[PDB]
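Below is one structure, written out as structure tokens; comments come after it.
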Amino acid sequence: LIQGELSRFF
Amino acid sequence: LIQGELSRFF
Amino acid sequence: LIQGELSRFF
Amino acid sequence: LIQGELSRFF
Amino acid sequence: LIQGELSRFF
Amino acid sequence: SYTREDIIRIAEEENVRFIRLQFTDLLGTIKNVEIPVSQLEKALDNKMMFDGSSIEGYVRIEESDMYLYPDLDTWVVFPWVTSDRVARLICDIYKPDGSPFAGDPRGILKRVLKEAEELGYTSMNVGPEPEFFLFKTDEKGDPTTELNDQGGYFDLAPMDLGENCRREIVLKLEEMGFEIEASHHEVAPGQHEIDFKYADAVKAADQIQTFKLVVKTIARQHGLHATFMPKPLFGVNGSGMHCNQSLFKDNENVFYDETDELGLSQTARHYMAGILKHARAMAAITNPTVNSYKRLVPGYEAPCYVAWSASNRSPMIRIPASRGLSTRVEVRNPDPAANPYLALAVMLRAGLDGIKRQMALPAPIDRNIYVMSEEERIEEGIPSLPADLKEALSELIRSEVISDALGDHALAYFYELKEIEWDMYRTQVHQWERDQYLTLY
Amino acid sequence: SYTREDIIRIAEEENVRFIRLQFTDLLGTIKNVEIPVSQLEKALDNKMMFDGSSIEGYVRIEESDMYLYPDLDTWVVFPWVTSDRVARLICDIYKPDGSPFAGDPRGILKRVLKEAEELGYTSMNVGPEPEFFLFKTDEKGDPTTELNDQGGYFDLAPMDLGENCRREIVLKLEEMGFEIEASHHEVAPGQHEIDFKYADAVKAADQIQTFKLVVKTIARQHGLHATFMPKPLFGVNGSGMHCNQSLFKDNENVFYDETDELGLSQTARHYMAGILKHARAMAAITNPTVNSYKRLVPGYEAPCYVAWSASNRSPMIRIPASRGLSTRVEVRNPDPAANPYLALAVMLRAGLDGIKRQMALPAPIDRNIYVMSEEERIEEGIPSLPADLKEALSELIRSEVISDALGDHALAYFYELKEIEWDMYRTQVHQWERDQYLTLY
Amino acid sequence: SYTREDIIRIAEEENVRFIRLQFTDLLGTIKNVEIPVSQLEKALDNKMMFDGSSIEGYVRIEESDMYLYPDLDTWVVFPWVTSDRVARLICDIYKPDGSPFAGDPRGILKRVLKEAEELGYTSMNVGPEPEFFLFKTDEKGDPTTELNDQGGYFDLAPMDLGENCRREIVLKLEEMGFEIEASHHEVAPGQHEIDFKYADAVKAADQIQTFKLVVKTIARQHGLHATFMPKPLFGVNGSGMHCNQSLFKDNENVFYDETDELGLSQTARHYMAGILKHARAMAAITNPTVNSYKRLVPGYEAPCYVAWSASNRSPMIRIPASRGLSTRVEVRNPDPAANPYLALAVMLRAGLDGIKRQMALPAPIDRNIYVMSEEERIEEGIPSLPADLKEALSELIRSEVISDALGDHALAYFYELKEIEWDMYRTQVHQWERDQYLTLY
Ligand SMILES: NC(=O)CC[C@H](N)C(=O)O
Ligand SMILES: NC(=O)CC[C@H](N)C(=O)O
Ligand SMILES: NC(=O)CC[C@H](N)C(=O)O
Ligand SMILES: [Mg+2]
Ligand SMILES: [Mg+2]
Ligand SMILES: [Mg+2]
Ligand SMILES: [Mg+2]
Ligand SMILES: [Mg+2]
Ligand SMILES: [Mg+2]
């Protein structure tokens with residue numbers, strides 16, 4: 002879930 | 002019959 | 002049929 | 002005879 | 002005739 | 002509105018030199034026949050002939066003859082023409098005998114709207130939410146893999162990142178006659194969304210086509226590349242085209258019911274049930290490309306299961322909180338790559354089929370995330386959307402309801418096109434395979 | 002129209018300094034004699050002498066003396082001359098004794114039209130479909146292998162792809178005096194077909210020549226290269242010159258017959274039968290180059306068999322759905338490399354010969370694709386077009402009907418030209434041979 | 002000669018580690034199955050199996066199983082192997098039931114020789130004259146367009162041009178057991194010829210195959226490229242494979258007749274007549290490639306007409322001045338690209354057909370050069386060879402005499418291969434076409 006949301010750390 | 006039309010994939 | 006065989010022309 | 006004009010092929 | 006023979010001038 | 006005399010008047014006044022007789026093929030591509038202004042009267046008399054087999058795409062087998070019937074209400078003059086003004090008209094395709102062509106997507110949507118009117122529903126009000134990505138170009142003018150910015154959801158970067166080539170698009174659309182609601186930055190970097198006000202289905206689809214063309218042109222002007230690819234990049238959010246629908250009967254919203262607990266009439270519930278039961282069959286039309294099913298993966302807000310809710314991670318159908326005259330049913334499967342006419346036609350036909358048979362609405366899904374096992378999912382009766390284009394095509398073939406919506410002629414050609422596309426895709430050897438293998442084996 | 006006094010009046014008013022006395026040789030190349038405006042009266046008095054043997058091309062053996070008879074109706078002033086205006090006149094070639102030259106293609110077409118008028122047919126209405134490829138140029142301005150764009154059938158790209166160098170061409174043509182019907186992107190990438198309204202045969206051929214010249218000039222202006230080569234690239238669609246023909250007798254279409262099932266008169270059927278019977282003989286004129294027979298290969302919509310149909314993949318003769326005063330016979334063999342005057346002359350003569358002998362029209366070909374074996378094809382009596390220039394030349398020599406259309410003088414010189422061309426082509430060692438062999442053997 | 006025990010003895014003595022079981026396909030390419038020395042006894046017992054469908058080339062449809070029957074007399078050890086010695090054996094192809102494979106070219110030649118022996122002719126003595134070109138290579142090791150030298154007919158440039166990579170080829174062949182007659186520079190620059198002493202037909206074909214392989218290997222060693230292309234360059238002489246033939250009956254030359262004016266027996270005249278009538282049918286075998294017919298053009302000593310003469314510019318059959326046991330019939334049509342087994346088989350079969358029917362020899366042509374018109378040529382009954390591969394294939398199909406020489410299985414596959422080759426060739430757009438056109442049109 003929220004994979005594209007957590008892109009700021011990646 | 003249709004061969005020249007399929008040039009978009011080629 | 003014979004697709005990889007006719008590769009000499011391609 | 003027409004060598005001068007046949008220059009298009011040459 | 003002798004087209005390939007006269008190649009020395011060409 | 003407009004009339005023949007009005008069109009001639011603006012054409013003479015605006016110094017319009019060239020007219021585009023626009024139409025759409027089965028794949029949603031915008032096609033046109035360029036026309037000098039001296040042929041405007043002939044065009045307005047519905048006397049222009051063209052191939053017509055160009056609708057079938059690359060699977061056309063024989064050349065036909067069809068007439069272009071321009072829609073006078075679609076007249077507009079492009080703003081960037083500058084020196085030599087260019088205008089456009091959106092036309093319907095007619096056979097020489099006088100009957101409309103069965104393979105024209107606009108005619109398909111018109112026919113579905115007519116059979117909706119046969120049940121008393123005067124209009125179908127549609128509001129789409131198309132999203133797009135902006136990519137930087139290279140010296141040759143080709144799109145690179147770098148986004149134009151790195152913003153987030155509803156971010157604000159006034160200088161060159163937040164709005165940039167989005168303010169200009171909205172301004173040009175407003176000058177073009179569009180009714181823009183709002184614009185904002187989307188979740189993924191380089192992703193933007195512009196919303197229009199709601200309009201009738203045919204007008205909504207025409208506006209979608211014009212919007213895509215205008216966005217692409219203006220992005221090209223700013224040295225950028227705009228794409229409506231469903232999933233241009235892996236690991237980031239895809240682009241969807243959520244469609245908000247509401248049936249109307251004499252400016253009365255038939256979806257509204259103040260007495261209902263959720264403010265939803267029985268008609269609306271039947272509509273949603275019909276859309277839910279036929280979802281897997283419509284997937285091939287609303288998600289037509291191979292790349293469309295790379296978007297339908299969990300974790301990126303795209304729907305992956307056939308279910309409805311008022312609040313969830315990613316339901317197939319969402320019901321916005323607005324009530325009264327603005328009560329709507331939002332379908333979130335479609336991506337901007339879909340044909341607007343065909344997608345709206347199949348969604349409306351599925352809803353009408355639900356209405357006709359008084360289909361029973363399944364229970365909404367609660368905050369229960371789908372981390373549950375497949376046994377839990379099929380125990381609760383939650384279907385899943387097709388995993389790729391092949392499954393969607395098989396479901397399309399097996400369906401007798403939305404295949405009737407497409408009609409006999411368009412169904413065969415769409416199936417041939419998508420079968421060829423899938424066959425070309427499935428035999429490719431991708432770089433991912435050469436990365437995993439070629440060393441380990 | 003125009004008169005001598007009118008021509009002098011515009012020449013003085015427009016500040017025309019130079020006049021091109023244009024004519025055409027047997028290969029379709031546009032030739033001219035440049036003239037200062039001070040010699041306009043002498044030119045209009047039909048008193049200008051020139052070689053006249055330049056019609057024969059590179060096989061001319063002796064210099065003659067011949068007069069130019071300008072056609073006043075062909076007067077036009079080029080728009081790109083700017084500073085020093087240049088005008089043109091299309092002239093007929095006359096022997097010094099006063100009789101027209103038998104080797105002039107325009108005279109040949111006029112003679113065939115005269116013998117048509119002897120049967121009561123006042124005019125031959127012709128509308129051609131000349132398609133061309135737009136290639137890119139290098140620093141020295143030489144045609145490269147890269148196309149100007151990668152578009153498809155009726156593709157729309159307002160930037161510089163679908164239209165690109167086409168709007169300016171249409172504008173220039175219209176200004177000169179061309180009635181442009183419509184323009185669109187052709188199937189193969191970098192192909193843009195501009196269509197004109199129908200005109201009489203001589204006017205149609207003059208317009209074809211002027212159109213080719215104007216397209217080449219405008220394409221060169223934009224740093225592009227325009228070619229009417231029948232098959233510039235392998236594996237993509239070629240360029241054709243489909244000619245739509247209808248015989249007229251005092252503004253009455255003699256091809257029309259409301260009582261007929263297909264709306265075709267017996268005269269039209271005899272015309273089509275005559276064209277079908279002599280097709281292999283006219284192939285050397287309508288497809289005059291070696292490259293012309295690389296287009297006549299299956300799978301690219303070009304005709305390969307002598308047959309007619311109302312709807313087929315690629316018939317020799319197609320009948321459009323239009324009826325009434327616009328009923329036409331479309332012949333799809335010719336390519337733009339053909340001489341318009343000679344092609345129209347031989348097609349009209351074959352049709353008139355079919356009318357004279359009351360030939361029986363063979364049965365149309367159905368949706369039966371020609372995947373059938375050669376035994377099926379010659380069992381059904383379906384002839385095939387010549388496979389190369391040599392076969393076409395042999396058929397031309399053996400034919401007594403269209404050789405009479407060409408005449409005795411033009412036939413010998415055309416045969417000599419094409420024989421020399423074929424002999425030069427057949428002895429070459431191409432790169433394909435060096436790729437296949439030179440390592441295998 | 003050799004025996005099983007002898008072969009094992011040399012293999013152990015010479016430290017042979019690898020053995021090539023060589024055979025030939027229908028296109029004349031040398032194919033092999035590599036074998037470790039530990040499998041030598043199994044190979045000599047005729048027990049190795051392989052596909053066998055590899056004979057058909059790229060038109061093979063199903064995998065078969067076939068046995069290799071090595072010919073012990075063909076044993077030889079390559080000299081360049083150095084460290085790990087490699088030997089070879091030429092094998093015949095046998096079906097699993099025990100009968101020879103009908104599609105094996107060596108078996109075809111053996112069968113034709115057997116039916117010759119049935120008429121009392123014990124052997125057919127054959128001496129070929131294969132010519133080849135030497136090209137300089139680039140850094141990557143690919144052939145360029147520059148010849149290795151610029152010598153002429155029988156020229157002498159001892160340093161690096163005249164002999165160059167020809168002395169070592171002769172030396173290596175001599176060490177291999179070849180009987181070399183003489184070597185000289187050919188007419189065209191970079192062209193060389195090496196002649197062998199006469200041998201029986203099967204041995205002659207085996208020697209031709211080995212000679213081609215050895216020449217290619219040695220040329221590659223010297224940083225050069227050797228090709229047996231019939232016409233690698235335009236405007237210079239091509240490469241031929243003149244075949245000198247004489248029938249023998251118990252060490253007696255049946256072609257010799259001291260009483261005859263020309264010293265030719267009636268048997269020899271019947272042989273020549275039979276070869277002459279079936280010339281156009283054999284052309285597809287003796288000239289099998291597309292490039293083969295670029296050599297058959299006038300002015301470069303290649304034959305172009307079906308006629309015989311003791312002294313002429315380009316006769317199809319030449320009779321050398323030698324008499325007695327060396328009276329021969331020289332056939333000059335074949336090029337080195339031809340399959341030696343098939344070419345010898347079809348020539349011998351045509352000659353035997355001439356002998357059987359007591360065919361009448363047409364009159365020899367005098368010093369009358371063929372500058373005479375085609376009317377003179379067909380008035381004198383002088384046939385011409387096919388102008389391209391297509392005509393030769395049509396004649397091959399139409400012929401019942403040499404198609405029997407090929408047999409039912411080999412004819413179909415050879416015809417399929419050649420149709421595919423011609424079809425790929427005929428649709429190409431060559432650079433010559435883009436040079437002539439693309440500017441003029
Ligand atoms: N609404 C959002 O937060 C974005 C939705 C997401 N882009 C999709 O493809 O569905
Ligand atoms: N009409 C078309 O679709 C194109 C015709 C095709 N280019 C030809 O050479 O005939
Ligand atoms: N001197 C010769 O006979 C040369 C013959 C020529 N090389 C050929 O290809 O036939
Ligand atoms: Mg959104
Ligand atoms: Mg939404
Ligand atoms: Mg066209
Ligand atoms: Mg056409
Ligand atoms: Mg020699
Ligand atoms: Mg010899």
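Residue numbers (the authors' numbering), protein chains in the order written: chain O, 2 to 11; chain A, 2 to 11; chain X, 2 to 11; chain W, 2 to 11; chain I, 2 to 11; chain S, 2 to 442; chain B, 2 to 442; chain L, 2 to 442. We put the beta carbon where it would ideally sit given N, CA and C, even for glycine.
Proximity winner among the options, relative to residue i (alpha-carbon distances)
i, options, result
"W:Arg9", "B:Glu422, B:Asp389, B:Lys295, B:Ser327", "B:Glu422"
"B:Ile109", "B:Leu263, B:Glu434, B:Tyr442, B:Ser404", "B:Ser404"
"L:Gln246", "L:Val127, L:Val203, L:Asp409", "L:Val127"
"B:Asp26", "B:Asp46, B:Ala12, B:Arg61", "B:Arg61"
"B:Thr75", "B:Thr145, B:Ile8, B:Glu420, B:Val113", "B:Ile8"
"L:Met50", "L:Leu343, L:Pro387, L:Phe415, L:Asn33", "L:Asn33"
"B:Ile320", "B:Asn252, B:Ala269, B:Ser184, B:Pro335", "B:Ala269"
"S:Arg333", "S:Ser240, S:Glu253, S:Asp367", "S:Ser240"
Any chain L beta carbon closer than 9 Å to residue i
i, result
"B:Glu187", "no"
Same chain only: Cβ atoms within 7 Å of residue i, ignoring 5 sequence neighbours per side
i, result
"B:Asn292", "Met230, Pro231, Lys232"
"residue 511 of chain S", "Limits of chain S in this structure are 2 at one end and 442 at the other, which puts residue 511 of chain S out of reach."
"S:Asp105", "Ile56, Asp93, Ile94"
"B:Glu180", "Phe197, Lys198"
"B:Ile31", "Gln23, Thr25, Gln210, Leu214"
"B:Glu63", "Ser54"
Any non-hydrogen atom of ligand 4 within 8 Å of residue i CB
i, result
"S:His431", "no"
"S:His410", "no"
Any non-hydrogen atom of ligand 1 within 8 Å of residue i CB
i, result
"S:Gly382", "no"
Heavy atom of ligand 5 within 8 Å of residue i beta-carbon
i, result
"S:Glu130", "yes"
Any non-hydrogen atom of ligand 7 closer than 8 Å to residue i Cβ
i, result
"B:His185", "no"
Below-9 Å beta-carbon distance, residue i vs any chain A residue
i, result
"residue 1 of chain B", "Not covered by the structure: residue 1 of chain B. The range shown for chain B is 2 to 442."
"S:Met425", "yes"
"B:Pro299", "yes"
Cβ of residue i within 9 Å of any chain S Cβ
i, result
"B:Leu157", "yes"
Chain B within 9 Å of residue i, Cβ atoms only
i, result
"A:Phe10", "no"
beta-carbon residue i near ligand 9 non-hydrogen atom, thresh 8 Å
i, result
"L:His193", "no"
CB contact check: residue i to chain O, cutoff 9 Å
i, result
"S:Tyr3", "no"
"S:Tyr306", "no"
Check: residue i C-beta below 8 Å from any heavy atom of ligand 3
i, result
"L:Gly239", "yes"
Any non-hydrogen atom of ligand 2 closer than 8 Å to residue i Cβ
i, result
"L:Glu119", "no"
"B:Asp336", "yes"
Contact test: residue i Cβ vs ligand 8 heavy atom, cutoff 8 Å
i, result
"B:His223", "no"
Any chain X beta carbon closer than 9 Å to residue i
i, result
"L:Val60", "yes"
Problem set entry | Length-filtered (4 minimum) alpha helix (DSSP H) runs lying within the stretch 184 to 267 of chain B | 202 to 222
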